[PDB]
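Working through the structure, step by step
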Amino acid sequence: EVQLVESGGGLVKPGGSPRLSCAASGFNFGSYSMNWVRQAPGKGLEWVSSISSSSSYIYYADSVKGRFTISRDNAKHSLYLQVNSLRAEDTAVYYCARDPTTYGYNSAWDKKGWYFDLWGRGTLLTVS
Amino acid sequence: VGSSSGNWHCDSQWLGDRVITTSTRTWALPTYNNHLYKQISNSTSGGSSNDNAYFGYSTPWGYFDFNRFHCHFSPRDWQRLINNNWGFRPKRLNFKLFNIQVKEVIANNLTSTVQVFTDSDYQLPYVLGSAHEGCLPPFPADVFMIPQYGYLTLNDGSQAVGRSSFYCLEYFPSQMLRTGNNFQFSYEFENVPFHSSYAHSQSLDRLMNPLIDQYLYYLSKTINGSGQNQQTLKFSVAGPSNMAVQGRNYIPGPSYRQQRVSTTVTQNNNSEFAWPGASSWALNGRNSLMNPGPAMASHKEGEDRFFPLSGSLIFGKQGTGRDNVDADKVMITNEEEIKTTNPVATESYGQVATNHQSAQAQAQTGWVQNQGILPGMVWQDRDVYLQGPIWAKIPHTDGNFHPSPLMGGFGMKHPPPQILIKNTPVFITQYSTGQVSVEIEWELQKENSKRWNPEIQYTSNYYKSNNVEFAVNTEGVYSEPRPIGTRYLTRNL
Amino acid sequence: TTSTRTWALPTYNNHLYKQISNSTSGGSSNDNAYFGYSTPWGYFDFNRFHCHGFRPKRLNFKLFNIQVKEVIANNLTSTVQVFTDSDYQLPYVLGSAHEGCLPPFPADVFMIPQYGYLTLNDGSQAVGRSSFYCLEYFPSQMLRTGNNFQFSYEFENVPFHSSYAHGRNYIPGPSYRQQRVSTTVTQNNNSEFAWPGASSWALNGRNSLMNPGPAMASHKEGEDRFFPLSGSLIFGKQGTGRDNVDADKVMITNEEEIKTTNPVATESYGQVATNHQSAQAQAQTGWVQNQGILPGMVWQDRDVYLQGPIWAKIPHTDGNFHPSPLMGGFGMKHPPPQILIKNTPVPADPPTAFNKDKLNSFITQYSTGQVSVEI
Amino acid sequence: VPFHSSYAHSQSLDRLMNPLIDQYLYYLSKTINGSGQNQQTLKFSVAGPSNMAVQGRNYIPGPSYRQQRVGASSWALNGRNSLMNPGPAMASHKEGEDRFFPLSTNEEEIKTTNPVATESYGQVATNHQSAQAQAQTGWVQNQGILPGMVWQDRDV
Amino acid sequence: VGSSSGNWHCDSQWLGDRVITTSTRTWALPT
Amino acid sequence: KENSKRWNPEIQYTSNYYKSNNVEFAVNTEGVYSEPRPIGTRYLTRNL
Amino acid sequence: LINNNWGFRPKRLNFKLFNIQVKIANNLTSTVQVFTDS
Amino acid sequence: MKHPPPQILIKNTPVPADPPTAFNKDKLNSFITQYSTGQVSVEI
Amino acid sequence: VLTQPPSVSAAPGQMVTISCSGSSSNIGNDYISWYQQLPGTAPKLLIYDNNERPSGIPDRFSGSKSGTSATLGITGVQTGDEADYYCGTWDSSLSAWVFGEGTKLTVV
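Residue labels reflect position in each chain's written sequence, counted from 1, rather than necessarily the entry's numbering. Residues lacking coordinates are not shown. Chain letters start at A and ligand numbers start at 1, both assigned in the order the entries are written. Every figure given here refers to the displayed chains, which form just one part of a larger assembly. Hydrogen atoms and water are omitted, and side-chain values are computed over all heavy atoms in the structure.

Some words on the overall build of chain A
In terms of helices and strands, chain A carries 1 helix and 11 strands. Helix and strand definitions here come from DSSP, where helices need a minimum of 4 consecutive H or I residues and strands a minimum of 2 consecutive E residues; each element is numbered from the N-terminal end. The secondary structure elements of chain A, listed N-terminal to C-terminal, are β-β-β-β-β-β-β-β-β-α-β-β. Both definitions apply: the radius of gyration is a C-alpha atom measure, and the globule rule equals 2.2 Å times residues to the power 0.38. The C-alpha atoms of chain A give 14 Å as radius of gyration, which agrees with the globular expectation for 128 residues (14 Å, within 12%). Across its three principal axes, chain A shows a C-alpha extent of roughly 45 × 35 × 25 Å. Note on classification: 1.4 Å probe, protein chains only; a residue is buried when its accessible area is under 20% of the maximum for its type, exposed when over 50%, partly exposed between these limits. Taken over 128 residues, chain A has a buried fraction of 59%. The contact rule is simple, with two residues in contact once any of their heavy atoms fall within 4.5 Å. A separation threshold of at least 6 residues defines the contact pool for chain A, and within that pool the share at least 24 residues apart is 57%. The protein chains shown are the only cover counted for residues, whose accessible areas, like all others here, come from Shrake-Rupley with a 1.4 Å probe. In the form shown here, chain A has an accessible surface area of approximately 5,000 Å², with 48% of it arising from carbon and sulfur atoms. Each charge class in chain A was averaged separately, 13 positive and 10 negative side chains, and the resulting centres sit 5 Å apart. Working convention for charge: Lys and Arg count positive, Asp and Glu count negative, and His plus the chain ends are omitted. By convention, the point assigned to a charge is CZ for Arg, NZ for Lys, CD for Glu and CG for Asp.

Description of the overall build of chain F
On a plain count of helices and strands, chain F comes out with 0 helices and 0 strands. With respect to the three principal axes, the spread of C-alpha positions in chain F is 45 × 20 × 15 Å. Taken over 48 residues, chain F has a buried fraction of 33%. If the 7 positive side-chain charges of chain F are averaged to one point and the 5 negative ones to another, these points end up 12 Å apart.

What to know about the interface of chain B and chain C
Taken together, the contact pairs 103 residues of chain B with 121 residues of chain C. Summed over both sides, the interface between chain B and chain C buries roughly 10,000 Å², with carbon and sulfur atoms accounting for 53% of that surface. Sorting the residues of chain B by area buried against chain C places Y215, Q357 and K450 of chain B first, and these three jointly supply 9% of that buried surface. Between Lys or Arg on one side and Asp or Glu on the other, a salt bridge is scored when a side-chain nitrogen of the former is within 4 Å of a carboxyl oxygen of the latter. Its salt-bridge partner being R487 of chain B, residue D318 of chain C comes within 3.4 Å of it at the nearest N-O pair. We define a polar contact as two N or O atoms separated by no more than 3.5 Å, with the added condition that, inside protein, one atom must be a possible hydrogen donor and the other a possible acceptor, whereas residues neighbouring each other in sequence contribute only through side-chain atom pairs. Taken together, chain B and chain C are joined by 74 residue pairs in polar contact. Of the residues belonging to the side of chain B that touches chain C, the class tally is 42 nonpolar, 45 polar and 16 charged. Note: two strands are recorded as paired if DSSP finds a minimum of 2 bridges between them. Sheet analysis places strand β27 (residues 377-379) of chain B next to strand β24 (residues 319-320) of chain C, joined by 2 bridges and oriented antiparallel. Looking at β24 of chain C, one finds that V378 of chain B is bridged to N320 of chain C. Buried area adds together the accessible area that both of two parts lose upon being put together, with accessible area traced by a 1.4 Å probe. Ten residue types, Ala, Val, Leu, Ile, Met, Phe, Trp, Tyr, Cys and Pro, are classed as nonpolar, four, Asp, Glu, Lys and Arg, as charged, and the remainder, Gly among them, as polar.

Considering the state of the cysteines
Two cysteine sulfurs form what is called a disulfide whenever their separation falls within 2.5 Å. Under the counting rule described, the total for this entry stands at 2 disulfides over all chains. The side chain of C22 of chain A participates in a disulfide bridge whose partner is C96 of chain A; the two sulfur atoms lie 2.0 Å from each other. Here the S-S torsion is close to -100 degrees, and the disulfide linking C22 of chain A with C96 of chain A is therefore left-handed. Of this pair, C22 of chain A sits in strand β3 (residues 19-25) while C96 of chain A sits in strand β9 (residues 92-99), and the two are 74 residues apart along the sequence. Across the pair, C96 of chain A and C22 of chain A agree in class, each one buried. Paired through a disulfide, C20 of chain I and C87 of chain I show a sulfur-sulfur distance of 2.0 Å. In this structure the cystine formed by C20 of chain I and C87 of chain I twists about its S-S bond by roughly 125 degrees; its chirality is therefore right-handed. Residue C20 of chain I is located in strand β2 (residues 16-21), and its partner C87 of chain I is located in strand β7 (residues 84-91); the two are separated by 67 residues in the primary sequence. The pair formed by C20 of chain I and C87 of chain I is uniform in burial state, with each residue classed as buried. In this structure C10 of chain B is a free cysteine whose sulfur lies 12 Å from that of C71 of chain B, the closest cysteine sulfur available.

Comments concerning the sheet that holds strand β15 (residues 206-209) of chain C
With antiparallel pairing, 4 strands are arranged side by side in an open sheet as β25(B)-β24(B)-β14(C)-β15(C). Of all strands in the sheet, those bounded by a partner on one side alone are β25 (365-368) of chain B together with β15 of chain C. Direction aside, the axes of adjacent strands within the sheet are offset by 25 degrees on average. Two strands pair when backbone bridges link them, and strand β14 (residues 200-203) of chain C and β15 of chain C are joined in this way by 4 bridges, in the antiparallel orientation. When the sheet's bridge partners are listed, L203 of chain C is paired in β15 of chain C with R206 of chain C. An axis is simply a line fitted to the C-alpha atoms; with a helix, the fit covers only the stretch in contact. Between two such axes, the angle follows the N-to-C directions and lies from 0 to 180 degrees.

So, the sheet that holds strand β20 (residues 285-288) of chain C
Strand order in the open sheet made by the 4 strands is β20(C)-β19(C)-β5(D)-β6(D), with antiparallel pairing throughout. Two strands lie at the open edges of the sheet, namely β20 of chain C together with β6 (80-83) of chain D, each paired on one side alone. Averaged over all adjacent pairs, the angle separating strand axes in this sheet is 25 degrees, with direction ignored. Where strand β19 (residues 270-273) of chain C lies against β20 of chain C, 4 bridges are found, and the strand directions are antiparallel. Note that in β20 of chain C the partner of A273 of chain C across the bridge is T285 of chain C.

Describing the environment of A53 of chain B
Here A53 of chain B shows up in the loop between β3 (38-41) and β4 (55-63). Put simply, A53 of chain B and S43 of chain B are 10 residues apart on the chain and 8.5 Å apart in space, counted from C-alpha to C-alpha. For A53 of chain B, the contacting residues outside a window of four places in its chain are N42, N155, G157 and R286 of chain B together with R15 of chain D.

Focus: the interface of chain F and chain C
Across the contact, 17 residues belong to chain F and 16 residues belong to chain C. Between the two partners, chain F and chain C, sit 1 salt bridge. Here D122 of chain C makes a salt bridge to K19 of chain F, at a shortest N to O gap of 3.5 Å. If you look at where chain F meets chain C, you find 7 residue pairs in polar contact. Broken down by class, the residue content of the side of chain F that touches chain C amounts to 7 nonpolar, 8 polar and 2 charged.

A closer look at the arrangement of the chains
If you rank the 19 pairs of chains in contact by how many contacts each has, first place goes to chains B and C. Left apart from each other, chain A and chain G have a closest C-alpha approach of 20 Å. Structurally, chain D and chain G remain out of contact, their C-alpha atoms never closer than 33 Å.

Considerations on the pairing of strand β27 (residues 365-374) of chain C
All names here are of chain C. Of all 10 residues in β27, 8 are buried; the element is thus mostly enclosed. In this structure, strand β1 (residues 2-9) lies alongside β27, joined through 8 bridges in antiparallel fashion. Within β27, the position partnered with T2 by the bridge is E374.

Listed below in structure tokens is the structure:
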């Protein structure tokens, strides 16, 4: 049915550049807002970045801002997170999250009202 | 040749109960259709459908359009209006066309003229009420291009009919302007009702005194209980405890059902229902979509995600494409404010008995999908927006009901006249630029309200951002980030 | 006409404003949900015909012979506050056909009703658009025992109420069908259809009964034993109970005089064609259970009764059609103003050291006096 | 009294637009990409000259009561049925077919502002769609007055 | 004694560049 | 009076639409009036 | 006031004291003393 | 000074180049390359 | 910032109430959603739009938002319901999505 698979994770030395690809299958990847959520080992999960359906709206968390780039491909049904200047704090499990609601961008001006109805299994990324 | 024929006037003067807005823009008028009148029809575009059929003519004339509220109001002036006032309406109009500069492809042509006239007898087809593009820009530093004038008339398929009328615009008298001449004219708006820029603080069904019983009775029980021959007539009195059954004087406004579409795409049915599930009306064999249609609430309380299929006005954002744009590009307006006196767009009006009950017959009730006018209805007209149109022309007909237009604004039998402009043929490659100033005097209705607690106001977002709203970005592009409705302050029902 | 009555105005809510919602009343259901406020103020209601073609013209209201009792002795220094809402800035409760009307028989003494109003709600809760009105924030006249109060009102022009009985050019008025109910119980169906079978209209996801509804003939000619389920004004007889009183405890009014210009409430309006006939299909029809306005329609309003309401207020809206109220009477955008009244609270002995709290201990008090209203 | 109007409109109610210009209004053009499970989306497009059926309009045609195309349409008064004659003013027949007439001369000059007598006024949704339930409509066989309507009276 | 020495005035008149706020209250003064 | 030529709209003091058990600056079920928050006077803007 | 204005300031002050009631039973002839410090 | 000598703002009125000849919604971005000159006298 | 109690513990069949306090910019302003995460699995949505419940989610879980705080209430607690709970919303001041600190539910 509907699934999200995250690959690209592995063990990389600090300063190395990796690329996390999220492949979607079972639905129309073109009409949904996509997200990256990471969870550091034994700690609460953290939101990282988001990209719109047309990839015109892109948001980043402050911790990852400026060193992480998020891109989306609609033809290949794939979501991309490029990583630069990896730091020890970047060890986590990277979850690919899907947001069904488009309401933040067309019906509400004051508030986004997002929620994540579909989650990827996640790919581990370790810096050593 | 060396003297200016007009100055640059942009401001707003807020005086007492009236508003005076002035706007000056720079324009460019190219030579449309190589100074020719060409018949157009769906056949020229291929004529794929009977619903899309059309017949008409395209003319070399251009025309000035300032039928959108943004041409006369800045975002601050519109905020100043909608927060402080219960109503407004246009009174006077003044138009000026000056600083004519003719070019030839690039050098100046000093001896060329520009023909301009107004139709004050309304003898031409009035195209200014159809919410077309080509309006004077929201932002004063934008130089805009004048839209071409064309009209339609009776058609059968792509073919014409004998009754079809043909209009030559060179058959009107028109003023001719060289580089030193200027054109100006004044217009008096006919008397129209104030737009109601307020939201009711009461609902039509709650108008009662909650502390007191009525003296009217309703039928509480038709049976004593379980058993045979249990029929009875038991009349409880209507009171605070049950407010649904009380007798009422006034009933909600009319409805025409629309389909509800959720903004969460996962919720929507997996089928193509954009046209097949749409509400429409049919005229002479052609089915026109009902857009936006009668004024009805967009959604029920607690359901802002859904919107009526065609029942809302949907604008675009800056740089949005013409065809099949993504859902984050559009701006959808909700008409929830009228939810107190008006039925929901996506809900039925109510129920009616479909039979006579008897000992052998159970009571049957069918749903009312559309309900026309009934004595004792009350309703609210659609709201007007900063991006939306101002006036419409009331079609000249034997009869109408509540002529107020369905896209919002002021229905007028004699609206502001069309302003036609073209370059004089000399052909030599030629275009002209210049200035346009339009000034409207508005009337205001102040609020005397005794409400104790503070109102809802339109306010700029408090938080930081890369850009500030209603302003240019780093490239110099001006963008209106959101629609702004007029209804914030409240009244009693 | 001229009326004079004796009123007794008590203290309501202990001189206090109270938020009231269905949650205070037990929570009810969604259709009965409400949010509002109850006020210490009382108000006068002469809106019924028994208190006093034809139509009103002028109005004169007098309030005099003020007397205030402490609980019983006379307090001659007490005041009674009264004001009229001539700008219609308060919610208008006089058009809902409530109780508290001055008694028809002139020798009776009536208890003035308490003023309350409703506002917007999502439930027992309120929204940000819900408005709170403080009646103390209006200028009002203060009267001791010797003072009197008097204001005159000019009815805005309304049409005469018409009281009389009466290919084609004109056609009958609109209809919204009502369920039929026999006065003989064994004829009705043996099931509970009081609410399930009724005609309703929906507003913001709530369903209100259609009562009394559009003006329609109560029954066809020859059948007097039937009355529309929500289509008639039902009055209780003198001494009738509040809940589940039998059919001989009430009075069911009938509109049958308007049968000439108006369709029957129980019958359909008519039939329309539902298809195109052809060699392959017969002509098909369907019933019209409800009909809006059509060009050529004529209709009569609902009749007025000695126990019926006189006027109603037309809501302030962009548009309305034939504003005459459906319960009967004269629809007016500026009807006779509400007259609000309360006793000024008199505090009991306050503490002898300053306590910043408001004073919750008052002298038990009520006022009596005289009302006279001329039309 | 108002002057009786004695002219035929050269413009249809649905064709008052400037054929050369797009509208700044949008309409929902696509609900699905298609031919697959979970292919759901919202695509919007500019109402324009190429699709003129979806454009926003300020006014809608007059009120109608159906007639059988040539079972009689009727109105009940005091229990007694009565034929509806002539009834509300409506177009006698759709353009191109002159043989048909309403069951109860031709008015065809009014077909610009008025609905055809033997045609339904239009369609209305009868339900809320969902992922479970497809959208449904139903035909309007009679429509009373609505705000924003315009119509012609009957010819003399 | 039996005649009122004043009336109840609370309101706000918003006039041009000026405002007039009137407030009436009920007080109790002990010893 | 506010004379500003500012193009974009102001920050204003506004009531919040979201539903609640009570109305701000209004009585509660018991009859007690309350003031929810401190309201300062500075919303409109001027140049320096 | 605050949304529509750049500034405000008081001008005139008019005070009134009336409907005096001295006290449980009324005391009709008792007086209340009031003065201002100008 | 609370009210110093006012700011005197000046610009050249944009003169657009040849338009597309078919109506385009967007604002015109192509102008004639142009500048102005003159005299200024200030007397205090 | 969304603040939740670090742990909650109740016996099976007992009402459990988990609530995360928020500022005006985030919880007051936006709809809040709740996510429950098992020890070896990715987070799964529990409640969305304050009180709405996704299909496949039991009736026992309920949520409400009052003022600036939203509370998730679980009734008829079961052994299988022991997992991490996070409440998240969009925060306007930060202009980023914020998750609560997390709440470990433990049944004895």
